[PDB]
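Protein chains: 2
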Amino acid sequence: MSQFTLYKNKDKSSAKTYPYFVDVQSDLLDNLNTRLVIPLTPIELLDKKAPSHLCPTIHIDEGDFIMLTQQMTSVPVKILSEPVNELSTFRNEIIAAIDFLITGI
Amino acid sequence: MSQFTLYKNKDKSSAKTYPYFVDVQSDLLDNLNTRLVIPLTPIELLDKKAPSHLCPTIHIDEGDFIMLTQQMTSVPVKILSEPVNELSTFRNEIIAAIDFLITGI
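So, in structure tokens, the structure goes:
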């Protein structure tokens, strides 16, 4: 549960500016009180003409989006997204993101 | 450079709640225009009874503090904290924190 889900910024309305993030960190303190997420967002709001190098995209229910690894921030349990969907198939994205953005694999 | 510095807050006023952060992330985007930081804070205002799990305290000239790894958020270069001091000697803290909390090693 507290990990790998497609967590959309608590309030789906948040998506206007911020739609989601992904639970990826404290396996223990994953969603206990907060988690290290890579805030996903609509590629459209940030120009569909985006380059390829950082912040991976997905193809979820709401369509395509982009892991905002350029910011990264813990999204407290309160606002721990209102389960809109789940992108486990993109599990690597969550990792690679971190793994490159946070480590540079 | 953009990493092992004791970045307080472009506006030291923030320190009331949030005084610092520690540039620690992008090896490539290290000083591009942003860095993933562990928002440091005053052990005092944040309870002197802080745990020894992730929250890495510091003892620098400006005084003792604690990298708030409970959140961790990349502060854009602009507002990347007004250089208050520097804690490279705590470089590992910055790493281990990340490395355990963000990777676990």
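Chains as they are written, first to last, in my numbering: chain A, 41 to 145; chain B, 41 to 145.
Idealized CB from N, CA, C, for every residue including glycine.
- By the Cβ test, the segment 83–99 of chain A is not in contact with the segment 52–64 of chain B, since fewer than three Cβ pairs between them sit closer than 8 Å.
- If you draw a straight line from the Cα of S42/B to the Cα of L108/B, it is about 18 Å long.
- Note: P116/B is bridge-paired with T74/B in the DSSP secondary-structure output.
- In this structure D67/B is exposed. Its beta-carbon is surrounded by fewer than 16 other beta-carbon atoms within 10 angstroms.
- When C-alpha distances from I135/A are compared across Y60/A, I78/A, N73/A and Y58/A, the shortest belongs to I78/A.
- In terms of beta-carbon proximity, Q111/B lines the interface with chain A, with at least one pair separated by less than 8 Å.
- For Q65/A, the nearest beta carbon of chain B is closer than 8 Å to its own beta carbon.
- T45/A sits buried, since 16 or more C-beta atoms from the chains shown fall within 10 Å of its C-beta.
- For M107/A, DSSP records a beta bridge to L80/A.
- Chain A has no Cβ within less than 8 Å of the Cβ of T57/B.
- Here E126/B has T45 and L46 as same chain residues with Cβ atoms under 6 Å from its own Cβ, once five neighbours each way along the sequence are excluded.
- Assigned with DSSP and collapsed to three states, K50/B falls in coil, not helix or strand.
- Among the residues facing chain A, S114/B is included, as its CB has a counterpart in that chain under 8 Å away.
- Residues of chain B with a Cβ closer than 8 Å to the Cβ of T81/A do not exist, since the nearest Cβ in that chain sits about 15 Å away.
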